[PDB]
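Beneath this line is the structure, given in structure tokens, with notes to follow.
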Amino acid sequence: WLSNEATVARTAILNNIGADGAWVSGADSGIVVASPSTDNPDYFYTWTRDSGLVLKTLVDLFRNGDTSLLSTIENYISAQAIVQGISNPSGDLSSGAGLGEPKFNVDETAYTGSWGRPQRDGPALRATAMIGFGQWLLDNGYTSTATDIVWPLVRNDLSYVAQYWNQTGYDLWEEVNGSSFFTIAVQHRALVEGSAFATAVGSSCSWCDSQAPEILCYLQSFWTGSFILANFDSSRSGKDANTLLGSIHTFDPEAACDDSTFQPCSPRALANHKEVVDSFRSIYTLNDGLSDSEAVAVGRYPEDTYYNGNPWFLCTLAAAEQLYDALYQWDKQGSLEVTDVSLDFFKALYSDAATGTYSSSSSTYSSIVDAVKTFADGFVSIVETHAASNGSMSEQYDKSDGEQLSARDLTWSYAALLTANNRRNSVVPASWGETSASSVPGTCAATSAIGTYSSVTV
Ligand SMILES: *[C@@H]1O[C@H](CO)[C@@H](O[C@@H]2O[C@H](CO)[C@@H](O[C@@H]3O[C@H](CO[C@H]4O[C@H](CO)[C@@H](O)[C@H](O[C@H]5O[C@H](CO)[C@@H](O)[C@H](O)[C@@H]5O)[C@@H]4O)[C@@H](O)[C@H](O[C@H]4O[C@H](CO)[C@@H](O)[C@H](O)[C@@H]4O[C@H]4O[C@H](CO)[C@@H](O)[C@H](O)[C@@H]4O[C@H]4O[C@H](CO)[C@@H](O)[C@H](O)[C@@H]4O)[C@@H]3O)[C@H](O)[C@H]2NC(C)=O)[C@H](O)[C@H]1NC(C)=O
Ligand SMILES: *[C@@H]1O[C@H](CO)[C@@H](O[C@@H]2O[C@H](CO)[C@@H](O[C@@H]3O[C@H](CO)[C@@H](O)[C@H](O[C@H]4O[C@H](CO)[C@@H](O)[C@H](O)[C@@H]4O)[C@@H]3O)[C@H](O)[C@H]2NC(C)=O)[C@H](O)[C@H]1NC(C)=O
Ligand SMILES: *[C@H]1O[C@H](CO)[C@@H](O)[C@H](O)[C@@H]1O
Ligand SMILES: *[C@H]1O[C@H](CO)[C@@H](O)[C@H](O)[C@@H]1O
Ligand SMILES: *[C@H]1O[C@H](CO)[C@@H](O)[C@H](O)[C@@H]1O
Ligand SMILES: *[C@H]1O[C@H](CO)[C@@H](O)[C@H](O)[C@@H]1O
Ligand SMILES: *[C@H]1O[C@H](CO)[C@@H](O)[C@H](O)[C@@H]1O
Ligand SMILES: *[C@H]1O[C@H](CO)[C@@H](O)[C@H](O)[C@@H]1O
Ligand SMILES: *[C@H]1O[C@H](CO)[C@@H](O)[C@H](O)[C@@H]1O
């Protein structure tokens, strides 16, 4: 099913991208629409986050050999030159504040209604998407495109992150004003790979270099001692697919099981995995009768009331993806570790789990990775059960009966499927430099640095 579903996923995404995507007539060239739904709910807009996550996926597929995605990527780049310059209710380009705008109309005009703005993850995610393509351009002799177009676009977004990271905004769910794990994690990543891109184009990013370790320093605060807190400050539990998404979208296939960057196989992210997934076990009738060793439908956070509070396709896929990422890392390392922090995670899947280090050649490793693989597959199977017979995936599936609800054909659901399927196949993205960006400063500073903002014309 995964193979055929991935086929539908690629084409479905393109159907949601302007100008010629079949489901989104009216959308400009290179504009990713979140869903073709214009009513109940109205998702016929372009979000900087959704577009950036979708484009990262496309760039990764393109770089792995899917070369026909070229014009789609190029079109996105062109669109973003325009989008960055749209004065909007978050602000303008000159001050940088405009880059924090969550969403835009599909014809590249400001969305003027009230909204949970700014959302500071956007510029980080766009930079991350663009950098990947900048890397490819350099590798294939397109130096002028990488240096004159991609870099200046990236430079605006890196400047935004360095200047504004230490300010409150809304989370990825657009609901909680504060400071959010997912946002901080992806911002840290963006500054690190952004600095390396700057060097590669014969430039520099001094604001990237000074701010990255401070963002990482702050990121440590999200560890509660048993899971990763989603937001400061909230009276929710803080258990949130937010933190699964933070881990998988900052996964570096070169990384060890680093707690400081909450890598998928780190004891912190594994402990968090169990806490987040477990929060959905009792609250959905869809999960009735399943035991703690079995996968379940996963929503956003247990307190969610959006459409009554339901499982989400992308959140269930994130639970699978972190595990596939852990499997890849454990295999690359040639070992797996059970710690006091991660013991409960392991014990639920393998009853005889005990603290220690088990070699890939070893017997214990085999039993654990087998259980982990089956568990991860369990999440994908639930997704497969609730996708339409033609492969369509909405935003949500029903907490009681698994019927699809909210926005139909959610682009981000398709991207999540493609990434989850890839990691299951041991297909991993380019490294982002985590191996020399996991050192936490002794003392954290509430600070910023100033870059440069300049309008790009393509
Ligand atoms: C697998 O099979 C699936 C089943 O067939 C299939 O899903 C279907 O896909 C088609 C598209 O080919 C959808 O058709 C659209 O239906 C719109 C109205 O849908 C409502 O009513 C339906 C009938 O009762 C319901 O089924 C439907 O429920 C679904 O959606 C809910 C909300 O998201 C969701 O909660 C449900 O679970 C369920 O999924 C829903 O309630 C209809 O409005 C729309 O017409 C537009 O688009 C046509 C072309 O796509 C144009 O011909 C037409 O003129 C309309 O165009 C306007 O809107 C477009 C964007 O959507 C723009 O591009 C156009 O330019 C134009 O925009 C103007 O107008 C806008 C306001 O109207 C305005 O905002 C703009 O500014 C501009 O002025 C279309 O016919 C169908 O709904 C899907 N059915 C289901 C069950 O989901 C799926 O695609 C298949 N999957 C694969 C992988 O192949
Ligand atoms: C801008 O950057 C600064 C510097 O990084 C950053 O300051 C830090 O904020 C965090 C989060 O508020 C602080 O950590 C807190 O410390 C207080 C006081 O001791 C604790 O009560 C808090 O406990 C909560 O979180 C714990 C997990 O860390 C949970 O276990 C617990 O139950 C509570 O939920 C919390 O640890 C940190 O001390 C400061 N550091 C400094 C140097 O001030 C600031 O938040 C950033 N602001 C924005 C908007 O980005
Ligand atoms: C993460 O990165 C730091 C340096 O920033 C290393 O010292 C650490 O071992 C890990 O690779
Ligand atoms: C690892 O590196 C960071 C800076 O990247 C330092 O703050 C830390 O003290 C250690 O040298
Ligand atoms: C925040 O604080 C740091 C010092 O830790 C400065 O480098 C920066 O300019 C800002 O004032
Ligand atoms: C970000 O904020 C710091 C204060 O910590 C300033 O020094 C800096 O100029 C930038 O505005
Ligand atoms: C800042 O940089 C941009 C992108 O290169 C230019 O278009 C602008 O004129 C300014 O120099
Ligand atoms: C940079 O910003 C300017 C001013 O909004 C635009 O004219 C340009 O197209 C780019 O977006
Ligand atoms: C790119 O260059 C054009 C000039 O053609 C400017 O108008 C725009 O603001 C952007 O800097």
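All residue names refer to the structure tokens as shown: chains lettered A, B, ... in order, residues numbered from 1 in each chain, ligands numbered from 1 in order.
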>> I'd like to know which residues of region 202-400 of chain A are strand (DSSP E) (by DSSP, run on the backbone); could you write them as a list in words?
In response: residues 231, 232, 335, 336, 337, 338, 356, 357, 358, 359, 396 and 397 of chain A
Residues from last step as file, N, CA, C and O atoms, as a PDB file, in the first residue's frame:
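To be explicit, this is the file written out as again.pdb:
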```
ATOM      1  N   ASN A 231       5.119  24.010  24.769  1.00  0.00           N
ATOM      2  CA  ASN A 231       5.093  25.476  24.822  1.00  0.00           C
ATOM      3  C   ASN A 231       5.347  26.031  26.225  1.00  0.00           C
ATOM      4  O   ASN A 231       4.852  25.481  27.206  1.00  0.00           O
ATOM      5  N   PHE A 232       6.092  27.133  26.292  1.00  0.00           N
ATOM      6  CA  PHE A 232       6.085  28.058  27.431  1.00  0.00           C
ATOM      7  C   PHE A 232       5.206  29.260  27.047  1.00  0.00           C
ATOM      8  O   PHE A 232       5.476  29.895  26.025  1.00  0.00           O
ATOM      9  N   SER A 335      24.862  -0.028  17.130  1.00  0.00           N
ATOM     10  CA  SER A 335      24.465  -0.272  18.520  1.00  0.00           C
ATOM     11  C   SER A 335      23.214   0.502  18.927  1.00  0.00           C
ATOM     12  O   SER A 335      22.809   1.459  18.265  1.00  0.00           O
ATOM     13  N   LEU A 336      22.639   0.077  20.043  1.00  0.00           N
ATOM     14  CA  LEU A 336      21.445   0.660  20.628  1.00  0.00           C
ATOM     15  C   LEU A 336      21.642   0.714  22.149  1.00  0.00           C
ATOM     16  O   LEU A 336      22.234  -0.204  22.731  1.00  0.00           O
ATOM     17  N   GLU A 337      21.161   1.782  22.784  1.00  0.00           N
ATOM     18  CA  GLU A 337      21.264   1.933  24.242  1.00  0.00           C
ATOM     19  C   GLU A 337      19.902   2.087  24.921  1.00  0.00           C
ATOM     20  O   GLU A 337      19.025   2.817  24.437  1.00  0.00           O
ATOM     21  N   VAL A 338      19.736   1.377  26.034  1.00  0.00           N
ATOM     22  CA  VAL A 338      18.585   1.527  26.915  1.00  0.00           C
ATOM     23  C   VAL A 338      19.046   2.259  28.184  1.00  0.00           C
ATOM     24  O   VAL A 338      19.960   1.799  28.873  1.00  0.00           O
ATOM     25  N   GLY A 356      21.463  -0.566  29.393  1.00  0.00           N
ATOM     26  CA  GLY A 356      22.701  -1.091  28.825  1.00  0.00           C
ATOM     27  C   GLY A 356      22.865  -0.791  27.346  1.00  0.00           C
ATOM     28  O   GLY A 356      22.012  -0.144  26.730  1.00  0.00           O
ATOM     29  N   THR A 357      23.973  -1.267  26.784  1.00  0.00           N
ATOM     30  CA  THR A 357      24.320  -1.030  25.384  1.00  0.00           C
ATOM     31  C   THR A 357      24.395  -2.361  24.636  1.00  0.00           C
ATOM     32  O   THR A 357      25.102  -3.284  25.055  1.00  0.00           O
ATOM     33  N   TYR A 358      23.657  -2.446  23.532  1.00  0.00           N
ATOM     34  CA  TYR A 358      23.538  -3.687  22.771  1.00  0.00           C
ATOM     35  C   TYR A 358      23.970  -3.494  21.321  1.00  0.00           C
ATOM     36  O   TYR A 358      23.380  -2.694  20.591  1.00  0.00           O
ATOM     37  N   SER A 359      25.005  -4.235  20.926  1.00  0.00           N
ATOM     38  CA  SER A 359      25.618  -4.150  19.593  1.00  0.00           C
ATOM     39  C   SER A 359      24.672  -4.629  18.497  1.00  0.00           C
ATOM     40  O   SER A 359      23.824  -5.473  18.747  1.00  0.00           O
ATOM     41  N   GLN A 396      -7.638  15.296   9.112  1.00  0.00           N
ATOM     42  CA  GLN A 396      -7.995  14.485  10.267  1.00  0.00           C
ATOM     43  C   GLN A 396      -8.779  13.227   9.900  1.00  0.00           C
ATOM     44  O   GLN A 396      -9.396  13.134   8.828  1.00  0.00           O
ATOM     45  N   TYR A 397      -8.759  12.269  10.817  1.00  0.00           N
ATOM     46  CA  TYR A 397      -9.680  11.143  10.772  1.00  0.00           C
ATOM     47  C   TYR A 397     -10.340  10.977  12.139  1.00  0.00           C
ATOM     48  O   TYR A 397      -9.749  11.303  13.167  1.00  0.00           O
TER      49      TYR A 397
END
```
>> Could you list the protein, DNA and RNA residues that have any atom within 6 Å of ligand 4, counting only C-alpha atoms and all ligand atoms, and write them as JSON, numbers by chain?
In response: {"A": [213, 439, 440, 441, 442]}
Any chance you could tabulate, as CSV, the residues of chain A at most 6 Å from ligand 8 with each one's nearest atom pair and distance in Å to one decimal, using only C-alpha atoms and all ligand atoms, in chain and rising number order?
```
residue,atom,partner,partner_atom_place_in_ligand_line,distance
A:81,CA,ligand 8,11 (O),5.0
A:82,CA,ligand 8,11 (O),3.7
A:83,CA,ligand 8,11 (O),5.8
A:84,CA,ligand 8,11 (O),5.3
A:85,CA,ligand 8,11 (O),3.3
A:86,CA,ligand 8,5 (O),5.3
A:455,CA,ligand 8,1 (C),3.2
A:456,CA,ligand 8,1 (C),5.1
A:457,CA,ligand 8,9 (O),5.5
```
Environment of ligand 7 within 10 Å, counting only C-alpha atoms and all ligand atoms, reported as a PDB file with C-alpha atoms, in the first residue's frame:
```pdb
ATOM      1  CA  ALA A  81      10.961  36.349  -3.814  1.00  0.00           C
ATOM      2  CA  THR A 147      24.749  32.998  -5.220  1.00  0.00           C
ATOM      3  CA  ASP A 148      22.530  35.701  -6.788  1.00  0.00           C
ATOM      4  CA  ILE A 149      19.024  34.279  -6.188  1.00  0.00           C
ATOM      5  CA  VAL A 150      18.875  31.521  -3.564  1.00  0.00           C
ATOM      6  CA  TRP A 151      21.420  32.984  -1.099  1.00  0.00           C
ATOM      7  CA  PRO A 152      19.811  36.482  -0.906  1.00  0.00           C
ATOM      8  CA  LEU A 153      16.395  34.847  -0.281  1.00  0.00           C
ATOM      9  CA  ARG A 155      19.792  35.630   3.921  1.00  0.00           C
ATOM     10  CA  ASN A 156      16.496  37.458   4.649  1.00  0.00           C
ATOM     11  CA  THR A 452      20.316  42.226   6.608  1.00  0.00           C
ATOM     12  CA  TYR A 453      16.983  42.458   4.788  1.00  0.00           C
ATOM     13  CA  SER A 454      16.832  43.069   1.042  1.00  0.00           C
ATOM     14  CA  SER A 455      14.166  42.494  -1.591  1.00  0.00           C
ATOM     15  CA  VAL A 456      15.033  39.926  -4.250  1.00  0.00           C
ATOM     16  CA  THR A 457      13.750  40.107  -7.833  1.00  0.00           C
ATOM     17  CA  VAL A 458      13.921  37.000 -10.050  1.00  0.00           C
TER      18      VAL A 458
END
```
Would you mind listing the residues within 8 Å of ligand 1, counting only C-alpha atoms and all ligand atoms, as a PDB file with C-alpha atoms, in the first residue's frame?
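Listing of pocket37.pdb after writing:
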```
ATOM      1  CA  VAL A   8      -0.745   9.240  -5.194  1.00  0.00           C
ATOM      2  CA  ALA A   9       1.026  11.505  -2.663  1.00  0.00           C
ATOM      3  CA  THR A  11       0.807  13.831  -7.744  1.00  0.00           C
ATOM      4  CA  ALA A  12      -1.651  15.076  -5.085  1.00  0.00           C
ATOM      5  CA  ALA A  22      -5.497  20.653 -11.033  1.00  0.00           C
ATOM      6  CA  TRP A  23      -7.111  21.367  -7.663  1.00  0.00           C
ATOM      7  CA  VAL A  24      -5.937  24.978  -7.215  1.00  0.00           C
ATOM      8  CA  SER A  25      -6.763  27.163 -10.246  1.00  0.00           C
ATOM      9  CA  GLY A  26      -6.313  30.776  -9.103  1.00  0.00           C
ATOM     10  CA  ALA A  27      -3.115  30.036  -7.169  1.00  0.00           C
ATOM     11  CA  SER A  35      -5.823  22.252   0.773  1.00  0.00           C
ATOM     12  CA  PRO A  36      -8.239  22.905  -2.152  1.00  0.00           C
ATOM     13  CA  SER A  37     -11.065  23.290   0.427  1.00  0.00           C
ATOM     14  CA  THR A  38     -12.524  26.831   0.259  1.00  0.00           C
ATOM     15  CA  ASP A  39     -15.304  26.293   2.835  1.00  0.00           C
ATOM     16  CA  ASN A  40     -15.921  24.152   5.910  1.00  0.00           C
ATOM     17  CA  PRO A  41     -12.981  24.574   6.376  1.00  0.00           C
ATOM     18  CA  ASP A  42     -11.451  27.358   4.273  1.00  0.00           C
ATOM     19  CA  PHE A  44      -7.482  27.887   0.304  1.00  0.00           C
ATOM     20  CA  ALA A 388      -9.573   6.914   0.975  1.00  0.00           C
ATOM     21  CA  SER A 389      -9.625   3.987  -1.474  1.00  0.00           C
ATOM     22  CA  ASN A 390      -8.079   6.335  -4.104  1.00  0.00           C
ATOM     23  CA  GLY A 391      -5.375   7.347  -1.591  1.00  0.00           C
ATOM     24  CA  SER A 392      -6.834  10.718  -0.546  1.00  0.00           C
ATOM     25  CA  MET A 393      -5.872  12.008   2.898  1.00  0.00           C
ATOM     26  CA  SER A 394      -7.637  14.808   4.739  1.00  0.00           C
ATOM     27  CA  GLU A 403     -13.949   8.754   8.948  1.00  0.00           C
ATOM     28  CA  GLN A 404     -12.025  11.598   7.273  1.00  0.00           C
ATOM     29  CA  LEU A 405     -12.843  15.133   8.427  1.00  0.00           C
ATOM     30  CA  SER A 406     -11.675  18.760   8.269  1.00  0.00           C
ATOM     31  CA  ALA A 407      -9.767  19.903   5.138  1.00  0.00           C
ATOM     32  CA  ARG A 408      -9.707  17.384   2.274  1.00  0.00           C
ATOM     33  CA  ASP A 409      -6.493  16.533   0.428  1.00  0.00           C
TER      34      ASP A 409
END
```
>> Residues within 9 Å of region 281-289 of chain A, please, as a PyMOL selection string. Count only C-alpha atoms; anything in the same chain fewer than 5 positions from it doesn't count.
In response: chain A and resi 295-298+302+310-311+398-402
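For residue 418 (chain A), the set of protein, DNA and RNA residues having any atom at most 9 Å away, when counting only C-alpha atoms and skipping those fewer than 2 positions along the same chain, is residues 2, 5, 6, 7, 9, 10, 57, 61, 413, 414, 415, 416, 420, 421, 422 and 423 of chain A.
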>> Going by DSSP on the backbone, which residues of region 3-209 of chain A come out as helix (DSSP H, G or I)? List them as a PyMOL selection string.
In response: chain A and resi 3-15+48-63+67-83+97-100+121-139+143-164+181-200+206-209
For chain A against ligand 5, with a cut-off of 9 Å and counting only C-alpha atoms and all ligand atoms, what is the closest atom pair and its distance in Å to one decimal for every residue that makes the cut, ordered by chain and number, as CSV?
```
residue,atom,partner,partner_atom_place_in_ligand_line,distance
A:210,CA,ligand 5,7 (O),7.2
A:211,CA,ligand 5,7 (O),8.4
A:214,CA,ligand 5,5 (O),8.4
A:444,CA,ligand 5,5 (O),8.0
A:445,CA,ligand 5,5 (O),5.2
A:446,CA,ligand 5,1 (C),6.0
A:447,CA,ligand 5,1 (C),3.3
A:448,CA,ligand 5,10 (C),5.0
A:449,CA,ligand 5,9 (O),5.8
A:450,CA,ligand 5,9 (O),8.3
```
Give me a file of those residues, with N, CA and C atoms, as a PDB file, in the first residue's frame.
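Heads up, here's the output in out25.pdb:
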```
ATOM      1  N   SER A 210      26.591  33.534  15.925  1.00  0.00           N
ATOM      2  CA  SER A 210      26.444  33.982  17.305  1.00  0.00           C
ATOM      3  C   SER A 210      25.147  33.482  17.929  1.00  0.00           C
ATOM      4  N   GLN A 211      24.081  33.409  17.130  1.00  0.00           N
ATOM      5  CA  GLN A 211      22.766  33.052  17.675  1.00  0.00           C
ATOM      6  C   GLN A 211      22.489  31.555  17.812  1.00  0.00           C
ATOM      7  N   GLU A 214      22.989  29.999  21.272  1.00  0.00           N
ATOM      8  CA  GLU A 214      22.020  30.561  22.215  1.00  0.00           C
ATOM      9  C   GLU A 214      20.637  29.939  22.045  1.00  0.00           C
ATOM     10  N   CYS A 444      22.992  30.418  29.290  1.00  0.00           N
ATOM     11  CA  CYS A 444      22.152  30.888  28.190  1.00  0.00           C
ATOM     12  C   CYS A 444      21.893  32.385  28.302  1.00  0.00           C
ATOM     13  N   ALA A 445      21.861  33.057  27.155  1.00  0.00           N
ATOM     14  CA  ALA A 445      21.642  34.500  27.089  1.00  0.00           C
ATOM     15  C   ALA A 445      20.338  34.836  26.367  1.00  0.00           C
ATOM     16  N   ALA A 446      19.529  35.704  26.971  1.00  0.00           N
ATOM     17  CA  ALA A 446      18.385  36.279  26.278  1.00  0.00           C
ATOM     18  C   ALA A 446      18.920  37.354  25.341  1.00  0.00           C
ATOM     19  N   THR A 447      18.972  37.046  24.052  1.00  0.00           N
ATOM     20  CA  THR A 447      19.666  37.918  23.114  1.00  0.00           C
ATOM     21  C   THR A 447      19.170  37.802  21.672  1.00  0.00           C
ATOM     22  N   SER A 448      19.766  38.608  20.798  1.00  0.00           N
ATOM     23  CA  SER A 448      19.470  38.625  19.372  1.00  0.00           C
ATOM     24  C   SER A 448      20.733  39.057  18.623  1.00  0.00           C
ATOM     25  N   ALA A 449      20.718  38.920  17.300  1.00  0.00           N
ATOM     26  CA  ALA A 449      21.726  39.531  16.441  1.00  0.00           C
ATOM     27  C   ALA A 449      21.040  40.071  15.190  1.00  0.00           C
ATOM     28  N   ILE A 450      21.614  41.113  14.599  1.00  0.00           N
ATOM     29  CA  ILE A 450      21.010  41.765  13.438  1.00  0.00           C
ATOM     30  C   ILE A 450      21.723  41.349  12.150  1.00  0.00           C
TER      31      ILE A 450
END
```
>> Using only C-alpha atoms and all ligand atoms, which residues of the polymer chains come no farther than 9 Å from ligand 2? I'd like the answer as a VMD selection string.
In response: chain A and resid 164 to 169 178 to 180 184 214 to 226 228 to 229 231 to 235 238 443 to 448
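Taking CA of residue 101 (chain A) and CA of residue 304 (chain A) as the two end points, the separation is 23.6 Å.
Nearest to residue 300 (chain A) of all the residues A:375, A:104, A:181, A:173 is A:173, based on only C-alpha atoms.
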What lies within 9 Å of region 133-144 of chain A using only C-alpha atoms, ignoring chain neighbours under 4 positions off, as a PDB file with C-alpha atoms, in the first residue's frame?
```pdb
ATOM      1  CA  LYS A  56      11.814  20.379   1.735  1.00  0.00           C
ATOM      2  CA  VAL A  59      13.790  19.071  -2.767  1.00  0.00           C
ATOM      3  CA  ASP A  60      14.824  15.849  -0.997  1.00  0.00           C
ATOM      4  CA  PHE A  62      14.544  15.838  -6.425  1.00  0.00           C
ATOM      5  CA  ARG A  63      18.054  15.428  -4.949  1.00  0.00           C
ATOM      6  CA  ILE A  73      11.124  24.002  -7.033  1.00  0.00           C
ATOM      7  CA  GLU A  74      12.230  26.856  -9.311  1.00  0.00           C
ATOM      8  CA  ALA A 129      13.770  24.258   2.036  1.00  0.00           C
ATOM      9  CA  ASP A 148      22.530  35.701  -6.788  1.00  0.00           C
ATOM     10  CA  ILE A 149      19.024  34.279  -6.188  1.00  0.00           C
ATOM     11  CA  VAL A 150      18.875  31.521  -3.564  1.00  0.00           C
ATOM     12  CA  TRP A 151      21.420  32.984  -1.099  1.00  0.00           C
ATOM     13  CA  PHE A 197      25.407  27.666   2.913  1.00  0.00           C
ATOM     14  CA  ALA A 200      29.654  27.742   0.441  1.00  0.00           C
ATOM     15  CA  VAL A 201      28.464  30.715  -1.672  1.00  0.00           C
TER      16      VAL A 201
END
```
Could you pull the residues within 10 Å of residue 29 (chain A), counting only C-alpha atoms, minus those fewer than 6 positions along the same chain, as a PDB file with C-alpha atoms, in the first residue's frame?
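Final output, saved to selection_31.pdb:
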```pdb
ATOM      1  CA  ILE A  17       0.658  23.815  -6.255  1.00  0.00           C
ATOM      2  CA  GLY A  18      -0.024  26.783  -8.585  1.00  0.00           C
ATOM      3  CA  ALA A  19      -0.281  27.812 -11.287  1.00  0.00           C
ATOM      4  CA  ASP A  20      -1.280  24.564 -12.998  1.00  0.00           C
ATOM      5  CA  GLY A  21      -2.113  22.181 -10.124  1.00  0.00           C
ATOM      6  CA  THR A  72       8.150  23.138  -9.272  1.00  0.00           C
ATOM      7  CA  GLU A  74      12.230  26.856  -9.311  1.00  0.00           C
ATOM      8  CA  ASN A  75       8.646  28.206  -9.283  1.00  0.00           C
ATOM      9  CA  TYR A  76       8.569  28.116  -5.451  1.00  0.00           C
ATOM     10  CA  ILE A  77      11.834  30.105  -5.344  1.00  0.00           C
ATOM     11  CA  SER A  78      10.343  32.723  -7.709  1.00  0.00           C
ATOM     12  CA  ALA A  79       7.133  32.903  -5.644  1.00  0.00           C
ATOM     13  CA  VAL A 106      -2.951  32.324  -3.096  1.00  0.00           C
ATOM     14  CA  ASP A 107      -2.668  35.269  -5.499  1.00  0.00           C
ATOM     15  CA  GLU A 108       0.304  36.597  -3.501  1.00  0.00           C
TER      16      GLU A 108
END
```
Write out as a Markdown table the residues of chain A that have any atom within 8 Å of an atom of ligand 3, one row each with the nearest atom pair and its distance in Å to one decimal, counting only C-alpha atoms and all ligand atoms, sorted by chain and then rising number.
```
| residue | atom | partner | partner_atom_place_in_ligand_line | distance |
| --- | --- | --- | --- | --- |
| A:255 | CA | ligand 3 | 11 (O) | 6.7 |
| A:256 | CA | ligand 3 | 11 (O) | 7.1 |
| A:258 | CA | ligand 3 | 10 (C) | 6.8 |
| A:260 | CA | ligand 3 | 1 (C) | 7.7 |
| A:261 | CA | ligand 3 | 1 (C) | 8.0 |
| A:434 | CA | ligand 3 | 1 (C) | 5.7 |
| A:435 | CA | ligand 3 | 11 (O) | 3.4 |
| A:436 | CA | ligand 3 | 5 (O) | 3.6 |
| A:437 | CA | ligand 3 | 5 (O) | 3.5 |
| A:438 | CA | ligand 3 | 1 (C) | 3.3 |
| A:439 | CA | ligand 3 | 5 (O) | 3.9 |
| A:440 | CA | ligand 3 | 5 (O) | 7.6 |
```
>> Which residue is closest to residue 313 (chain A)? Choose from A:126, A:49, A:188, A:386 and count only C-alpha atoms.
In response: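 Between A:126, A:49, A:188, A:386, the residue approaching residue 313 (chain A) most closely is A:386.
Once residue 89 (chain A) and its same-chain neighbours fewer than 6 positions away are set aside, residues 97, 98, 99, 100, 101, 102, 103, 104, 109, 110, 111, 112, 113, 114, 115, 116, 117 and 118 of chain A remain within 12 Å of it when counting only C-alpha atoms.
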With C-alpha atoms kept, could you save the residues just selected as a PDB file, in the first residue's frame?
```pdb
ATOM      1  CA  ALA A  97       8.812  41.513  10.856  1.00  0.00           C
ATOM      2  CA  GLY A  98       6.700  40.782   7.754  1.00  0.00           C
ATOM      3  CA  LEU A  99       8.524  37.468   7.305  1.00  0.00           C
ATOM      4  CA  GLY A 100       6.759  36.125  10.436  1.00  0.00           C
ATOM      5  CA  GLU A 101       3.358  36.262   8.715  1.00  0.00           C
ATOM      6  CA  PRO A 102       1.722  32.816   8.927  1.00  0.00           C
ATOM      7  CA  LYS A 103      -0.324  32.808   5.700  1.00  0.00           C
ATOM      8  CA  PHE A 104      -1.110  34.645   2.475  1.00  0.00           C
ATOM      9  CA  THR A 109      -1.619  39.257  -1.543  1.00  0.00           C
ATOM     10  CA  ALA A 110      -1.682  39.828   2.229  1.00  0.00           C
ATOM     11  CA  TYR A 111      -4.329  38.062   4.319  1.00  0.00           C
ATOM     12  CA  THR A 112      -5.821  41.034   6.160  1.00  0.00           C
ATOM     13  CA  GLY A 113      -8.071  39.297   8.719  1.00  0.00           C
ATOM     14  CA  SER A 114      -7.155  38.694  12.368  1.00  0.00           C
ATOM     15  CA  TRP A 115      -4.871  35.704  12.938  1.00  0.00           C
ATOM     16  CA  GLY A 116      -2.445  34.034  15.336  1.00  0.00           C
ATOM     17  CA  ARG A 117       0.498  36.075  13.993  1.00  0.00           C
ATOM     18  CA  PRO A 118       3.432  36.138  13.923  1.00  0.00           C
TER      19      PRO A 118
END
```
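Each of A:159, A:199, A:145, A:3 was checked against ligand 6 using only C-alpha atoms and all ligand atoms; the smallest atom-to-atom distance is that of A:159.
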